[PDB]
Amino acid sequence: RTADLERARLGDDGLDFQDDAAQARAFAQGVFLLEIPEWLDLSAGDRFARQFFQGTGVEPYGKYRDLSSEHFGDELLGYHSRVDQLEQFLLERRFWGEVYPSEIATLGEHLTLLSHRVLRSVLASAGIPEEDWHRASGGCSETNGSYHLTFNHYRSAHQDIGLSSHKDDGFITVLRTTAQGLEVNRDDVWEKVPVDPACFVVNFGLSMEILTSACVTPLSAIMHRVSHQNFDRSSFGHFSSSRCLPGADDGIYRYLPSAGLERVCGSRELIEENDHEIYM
């Protein structure tokens, strides 16, 4: 079975769904489709996702295979081979200008500002006072969050699930996928996410679920996975998290209606605990 998702577009007033009920369903499901702006070139990102794992013999992006987590002082970044079919290149915004090719950093900036606009629509729909958005979002209601532009390749020769079931860590994931494999578990049945290369997939992460757990319409971090791939597959995603630097962590908060924000845990703590549960 395949999920019937709502489609939205960024317009003059923010996220535009077909109607208010459609937006309600999309937000309650925790996953929806977002039209890719026509001016936005994704071809360099798509090529990077197809090449990053192939090593320095493959121009212009294969060389990023050689950049392991040590080159960054942050074990989460660089090239990672996972226990599932997936292998990844992960890089946080603070390194894009220095480390990514210039056109890949440009892509990451476009996606940051786009995700910024998406997140502020969601925050307004949740009824959180505007002056709490910055702390509630760890800077992502502006542009001071932590942002990962992450590229994925599924090694079909590996006899694993493509990517185990998990929820994302942060507030918003903007996912660029062009092939089948992504599945979501809204309402206790797994469903394929329909493929539409003219749309991003948008879903919420654990920090959105924590943030809104006490609101009148709590939003959920959708459980999703990538089924076992018989041929190779690639994708990439822009992930927005509470500012989670090694030295400067913005914290994870739950909004208490009529009271304010209360601290739950750290942003890096959440990413580490989540990343443990997925792969072990």
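The term rigid core refers to the maximal set of C-alpha atoms that superpose within 1.5 Å between the two forms. Residue positions are given as counts along the sequence shown, with the first one as 1.
Root-mean-square C-alpha deviation from the shown form, taken over all structures in 7 other deposited structures of this protein superposed by the rigid core, is larger for 237 to 245 than for the alternative among 237 to 245 and 34 to 42. Farther from the shown form on average, by C-alpha root mean square after a core fit in 7 other deposited structures of this protein, is 262 to 270, of the stretches 5 to 13 and 262 to 270. Stretches 71 to 79 and 164 to 172 differ in mean C-alpha B factor, with the higher average recorded for 71 to 79. Higher mean CA temperature factor between 25 to 33 and 233 to 241: 25 to 33, per the PDB entry. In this PDB entry, residue 51 carries a Cα temperature factor that places it within the lowest third of its chain's modelled residues. Among the modelled residues of its chain, residue 40 has a C-alpha B-factor that falls in the lowest third, as given in the PDB entry. Looking at the C-alpha B-factors along this chain, the one for residue 157 belongs to the middle third. The entry lists a Cα temperature factor for residue 114 that places it in the lowest third of the chain's modelled residues.
In this PDB entry, the Cα temperature factor of residue 133 sits in the middle third of its chain's modelled residues.
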